[PDB]
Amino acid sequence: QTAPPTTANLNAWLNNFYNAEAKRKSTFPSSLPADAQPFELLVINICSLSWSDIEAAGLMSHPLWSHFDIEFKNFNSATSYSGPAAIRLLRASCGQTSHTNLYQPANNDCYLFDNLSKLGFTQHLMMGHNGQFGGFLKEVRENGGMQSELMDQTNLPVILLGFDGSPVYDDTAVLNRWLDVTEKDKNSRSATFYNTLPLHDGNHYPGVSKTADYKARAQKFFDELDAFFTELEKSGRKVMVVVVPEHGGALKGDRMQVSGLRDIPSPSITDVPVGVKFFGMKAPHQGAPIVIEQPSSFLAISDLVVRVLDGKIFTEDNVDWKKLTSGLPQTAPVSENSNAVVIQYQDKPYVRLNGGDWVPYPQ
């Protein structure tokens, strides 16, 4: 990023970014080693949660945030819409593509959960909703490659209704069912993709008309997730949980995009907290979370999963935490929706709307 920030130079930079990203892959082994230790992977993909939202709600000190072993502080969601965010996470094992290329085929080895299934992990798909709104489940299947049947939702308590009137299931009940389904799946190892949207602004209680209280809803969700973590620790089960918000809820707006709007994938909307917690270790992590400050995105999640595949971390007495958390792949914070791109160039944000000229994102 030495050339002057003209439209031609920024377009050239972005196209070079795509070309460099296309050469990046998170490489999985052909088989697990003979002494591999089984564990469960659970990826919790959450709608409408960014660092900016947590600060706006006054919840930066909720115990959940210190209940991780690794925390990414500059993770970029690369989009501000749910469907694209889920596709990008499901395609975590290859470098970042343009928005248009999310809807074109990718190499089979780009699909994180297929890479895990090929190594003997049972794949599970679980949702706190039915995925009909916005064609979300359809995109997860067609572009995210996720063909697993939806985990049974029958008899789960319903906390709210979504904007379209369909159920929003209670996260505590969903997660407790996950414990049971994984116990009963005949496999010692599994990988689950869980998408949940309790903070979505259109969720409501039928007949009430009260405006949603984001802080109260976020407090309840964080309380439920933290309680699930505490119970999972006491269970002795070997689990890797990755908490990955899709994108922010846009609680705080700015000069160019007012609060609530997500058409432009602004830095505050795409800068999301990503946390990893390990359960059932012989030597559980003791301090505050290890912080990864470098610019990161989904490729770093895939590479961390590769590093843990053999399960040795769960039986090691002296874990080299630095080895585990160092040298992960870095990714520039480029974000796209269908007709908007945001980049950082010479430490300043720029935006391109409708394929026109680049303009500074006003600050």
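All residue numbers are counted from 1 along the displayed sequence.
Practice problem: Would you determine, from the values in the PDB entry, which of 153-161 and 79-87 has the greater average C-alpha temperature factor? | Solution: For C-alpha atoms only, the mean B-factor is higher in 153-161.
Self-check item: Between the two ranges 207-215 and 91-99, the one averaging a larger CA B factor in the entry
Solution: It is 207-215.
Quiz item: Which of these, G128, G248, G144, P289, has its C-alpha atom at the highest B-factor, as the entry lists it?
Solution: Spelled out: the listed residue with the top C-alpha B-factor is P289.
Quiz prompt | Highest-ranked of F72, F133, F222, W178 once sorted by CA temperature factor in the record | solution = The C-alpha B-factor peaks, among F72, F133, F222, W178, at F133.
Quiz prompt | For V305, the third of its chain into which the C-alpha B factor falls | solution = It falls in the bottom third of the chain.
Self-check item: For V319, the third of its chain into which the C-alpha B factor falls
Solution: Highest third.
Quiz prompt | Third assignment of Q123 from its chain's C-alpha B-factors | solution = Middle third by C-alpha B-factor.
Exercise. State the tercile, meaning the lowest, middle or highest third, of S235 with respect to the CA B-factors recorded for its chain.
Key: Ranked within chain, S235 CA B lands in the highest tercile.
Quiz item: Where does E55 sit by CA temperature factor within its chain: lowest, middle or highest third?
Solution: It falls in the middle third of the chain.
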